[PDB]
Amino acid sequence: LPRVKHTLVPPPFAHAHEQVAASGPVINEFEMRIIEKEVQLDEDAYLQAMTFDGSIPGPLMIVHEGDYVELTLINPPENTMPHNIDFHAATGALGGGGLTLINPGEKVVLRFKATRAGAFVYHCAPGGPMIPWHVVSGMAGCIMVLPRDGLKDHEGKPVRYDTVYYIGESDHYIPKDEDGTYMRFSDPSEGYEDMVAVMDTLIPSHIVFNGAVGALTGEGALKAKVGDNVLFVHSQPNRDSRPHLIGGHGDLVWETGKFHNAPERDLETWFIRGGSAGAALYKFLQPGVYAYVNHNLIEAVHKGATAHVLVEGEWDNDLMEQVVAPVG
Amino acid sequence: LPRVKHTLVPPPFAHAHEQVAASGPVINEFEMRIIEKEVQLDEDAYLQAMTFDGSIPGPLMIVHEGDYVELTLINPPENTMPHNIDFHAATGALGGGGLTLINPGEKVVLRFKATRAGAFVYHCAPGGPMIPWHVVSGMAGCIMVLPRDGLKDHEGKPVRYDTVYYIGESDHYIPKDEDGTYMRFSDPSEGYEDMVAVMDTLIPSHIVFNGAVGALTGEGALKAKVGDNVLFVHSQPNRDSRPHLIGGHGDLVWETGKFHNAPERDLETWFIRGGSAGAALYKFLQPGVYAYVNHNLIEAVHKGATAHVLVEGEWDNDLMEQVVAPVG
Amino acid sequence: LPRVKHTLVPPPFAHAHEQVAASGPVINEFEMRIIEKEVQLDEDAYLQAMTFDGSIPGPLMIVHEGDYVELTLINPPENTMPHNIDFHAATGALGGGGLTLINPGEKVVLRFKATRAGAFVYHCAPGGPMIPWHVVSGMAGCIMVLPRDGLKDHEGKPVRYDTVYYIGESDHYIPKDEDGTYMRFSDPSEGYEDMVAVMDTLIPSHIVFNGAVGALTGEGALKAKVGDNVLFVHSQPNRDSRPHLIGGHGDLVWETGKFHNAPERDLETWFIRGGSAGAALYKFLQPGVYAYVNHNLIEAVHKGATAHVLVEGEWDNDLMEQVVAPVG
Ligand SMILES: [Cu+2]
Ligand SMILES: [Cu+2]
Ligand SMILES: [Cu+2]
Ligand SMILES: [Cu+2]
Ligand SMILES: [Cu+2]
Ligand SMILES: [Cu+2]
Ligand SMILES: [Mg+2]
Ligand SMILES: [Mg+2]
Ligand SMILES: [Mg+2]
Ligand SMILES: [Mg+2]
Ligand SMILES: [Mg+2]
Ligand SMILES: [Mg+2]
Ligand SMILES: [Mg+2]
Ligand SMILES: [Mg+2]
Ligand SMILES: [Mg+2]
């Protein structure tokens, strides 16, 4: 089979690809390096993170149904922990976790057949208590397996996007001092016992898009134009989310993320089950600022789950008009 | 276009309307006044509330797909805060939030086209940390945009209800003294910092229907007769819910609340995503008392999420019969 | 009508039955005895439990749509509490709760018509605060009402399982001393006030399958062979869950659990609403160990929500292959 070597790009962007496969099955080659580093979640909040390829989430991989995925995974000698990878897209050996455990200084190559279309989570799962801990330290991303003929709607009609954005939502459990301030550690292992105690409450300290509070706002705001069909692929590897585009809708939504199921239409808010990825297409109709949020608004605003989309184009007064301006 | 002026009625009731539109598109005119007042959630629990039209939830608006909605929103001079409105039914300007910010003593008129059929949340969203806070202080309601030809089932067959009840479920975060008792404040702003600390735990002190524990029980119990097709429209603007009618089912359920999607049948329990409204139709078959509950039973019983429905009519022993009475 | 007397078997197993009804409607006779006993959830964690038939969950009942269910429920004189039963499968009298309240030393016989196909929760619901408390002490199980002609897929094609496993997931709220250790009590009533305080936080101390941490792992691991179509019926009577088979998928999933609705395909993770049962069919394609988990991995690993499935058969390198073994 042809081999295609991909250069991954950091989230929320996606590597070059075609929606309709330009060929028959290929072997898709990807490589990622695991990076353990402290990351700043918020102004005075830091996470002893563990990442695929230096980003939270890990980068988006895009292939077609019936392709193979050949991943080279590298755990550099400077890392402290063993790591591996479980693709929810894959069949067998705990998603590949059983075949990919690598120590610092080792690398491994896994091949699987992408037999099922949809957006899927991938995450680290080295075993026992390590599983939740590695995930909530940042080790999860998404692979999207498109149908060979591209996406289809609830009636089997071909559907096309202009842009995909990968929104990786992640919950984190940063320990606190009695006064509410966040603790700092020298490395992941040092912070482990304190982190577990927070994990046990099931209350995240932060819930973020793209690895940090405000990462996709201000200078990181997403961009589009009136008329653009934008696919928002949304992963949550550990906890539920309820995405909502403020000012918009989900035109076609696969909330369970699997493309051969019929999408729902006209949604205000949809539901990403923890341990899954979903996808929503929207055609922008009005210019201006939109917020893409987890619609538990405490999670959106206090915890960090808010992105902005800045949209250019002409305003349509038939859809909405301020008839009487604030007056009094 | 014809203009139709509506008189809103408090929840769980609905203003006069027709399921099948008796005309082509109209401009629907509504008016609401924002009322800031302390409300009693429970025996020794009070909320510094902020409300649309004096009720929690805000009143239900009912229009047809392709109509316009023209809302006059009034923030009386006695209020302390700026307020606005985001309709999830609307397209643009953050659902209208960007065009409706009004200070105490001001009013505003917004028009939008109700382009999509379904039950939708509306809520206050004045910006930043104000967003979750105004919502969890009571500022959310629902607008139902019916298809012009009325509801249709999973097979496109016309479906009709005898009664709609609007169940507005709301989570609240009342601060507590060390001994578990609830704190009281002079106004919303005074209670703000203490409320935020509760919000951060993501654990509501109360989760209520119609603004208070027991509001829809005893004297407030809902009523129906055997044979009645009752539509239960259920909103939750901030947190997930799992409605269940104890003793009944959802005959047709749109849990994501958007009427052009096929409903599911025969449900025991359905799922309202935080930041959305859903709808369930049930035809009553047995007389007696029913409980409509959020089926996290701690949320139902300890937090306040229980309504009763009292149903009159004849008992059917073929469906259920006590064969041997408690004996021993 | 013919009467059929069933011998229940403990979970995760199911009593003898046929998927396609070998006859017209029958009256299905079941009997269960309520057992109040302390149970060990985990190494140093015990629950003052209240059970149907001595198991958590209560045993699975299997009947066909249009059958009757006649249940004899027995509350032995050694018990301390009144108990009853609410079948979500049933119509009227709070699912039967209104007709089945029995004191220690009493028994009752309830008949209902199983008019709706699907997996349904049954649980104890003796009234008021007793409701959540009896459920979170273990009093819930599942009844599966199969269509008379067996299961059908999203296209109406007949579908057949080789094995059903009933996974009863239950959240528990065991009180703790200041040092994090769990408290012990002489009986359920003694532990009540302390348990309520934990219930109020909505944070379970344990979330288990089959009544205990590790119950379905090691010696209790589930078993299958490559090629087996296994139906996983999953109940959660009080709290949401997000089941995921690590290394596999849901081939056909009814997450709301009602068999006349079309199932979704190829799911990675699905969603069981608190107060419901859902069902997922998977055909095993690879041998080895699988984990069936609630995919909030903290709930899976720290709280107890993990089962293992051990699968025998031949490995398929086309689906997955370790191309380069860990090396360095
Ligand atoms: Cu790792
Ligand atoms: Cu996983
Ligand atoms: Cu407001
Ligand atoms: Cu909103
Ligand atoms: Cu009981
Ligand atoms: Cu129930
Ligand atoms: Mg690279
Ligand atoms: Mg400090
Ligand atoms: Mg230090
Ligand atoms: Mg008025
Ligand atoms: Mg006090
Ligand atoms: Mg004072
Ligand atoms: Mg027996
Ligand atoms: Mg102790
Ligand atoms: Mg003692």
Side-chain angles (χ1 to χ4, degrees), chain A residues 42-46 174-185 191 194 198 205 241-250 267-271 289-301 305-309, chain B residues 52 57-58 83-100 112 116 118-128 130-143 168 170-171 235-240 256-257 272-277, chain C residues 38 46 48 174-175 177 181-195:
Chain A
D42 201 359
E43 246 180 56
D44 286 302
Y46 296 81
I174 308 305
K176 283 198 272 200
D177 297 322
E178 188 57 35
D179 63 4
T181 54
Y182 294 102
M183 304 184 189
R184 302 287 301 284
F185 303 98
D194 289 316
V198 192
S205 62
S241 183
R242 53 216 60 72
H244 173 83
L245 182 70
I246 303 180
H249 294 87
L267 294 194
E268 65 193 307
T269 300
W270 45 105
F271 192 66
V289 184
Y290 291 75
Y292 179 95
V293 301
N294 167 341
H295 210 295
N296 177 142
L297 300 167
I298 306 164
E299 299 182 9
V301 178
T306 299
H308 296 157
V309 189
Chain B
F52 294 105
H83 298 286
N84 66 351
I85 195 161
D86 167 358
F87 287 93
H88 289 190
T91 303
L94 305 166
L99 292 180
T100 52
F112 73 88
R116 305 177 191 245
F120 294 86
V121 168
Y122 65 73
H123 65 88
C124 185
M130 297 300 269
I131 300 158
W133 182 52
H134 281 238
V135 176
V136 298
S137 300
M139 293 199 80
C142 174
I143 174 160
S170 58
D171 46 316
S235 64
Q236 230 296 10
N238 189 245
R239 190 168 176 277
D240 305 328
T256 47
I272 307 302
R273 294 139 189 75
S276 76
Chain C
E38 200 192 38
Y46 296 81
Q48 281 301 336
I174 308 305
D177 297 322
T181 54
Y182 294 102
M183 304 184 189
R184 302 287 301 284
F185 303 98
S186 47
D187 53 76
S189 306
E190 188 193 17
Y192 178 76
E193 299 181 344
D194 289 316
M195 188 169 286

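Both ligands and their constituent atoms are indexed starting at 1 by order of listing. Chain identifiers are assigned alphabetically (A, B, ...) following the order of the sequence lines, protein sequences preceding nucleic acid strands; residue numbering begins at 1 within each chain. No hydrogens, no waters, no symmetry mates; every other heavy atom, side chains included, goes into these values.
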Validation row: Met130(B), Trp133(B) side chains within 4.5 angstrom (heavy atoms): yes

Of the protein N/O/S atoms, how many lie under 2.8 Å from the Mg ion (ligand 8): 2

Nearest atoms (heavy-atom pairs only) where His249(A) meets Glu268(A): CD2-CA, 4.5 Å

Presence of N, O or S from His244(A) under 2.8 Å of the Cu ion (ligand 4): no

Exceeds 12 heavy-atom contacts within 6.0 angstrom, atom CG of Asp44(A): no

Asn84(B)/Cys124(B) under side-chain contact (heavy atoms from CB on, under 4.5 Å): CA gap, chis, key distance, verdict: CA-CA 5 Å; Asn84(B) 66 351; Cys124(B) 185; 3.6 Å; yes

Contacts of type side-chain contact (heavy atoms from CB on, under 4.5 Å), residue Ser186(C), not counting sequence neighbours: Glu190(C)

Aromatic plane relationship, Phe87(B) with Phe112(B) - under 30° parallel, 30 to 60° tilted, over 60° perpendicular: tilted

Validation row, ring centre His123(B) to ring centre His88(B) under 6.0 Å: yes

With the Cu ion (ligand 4) as the apex, the NE2/NE2 angle for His295(A) and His123(B) - to 10°: 110°

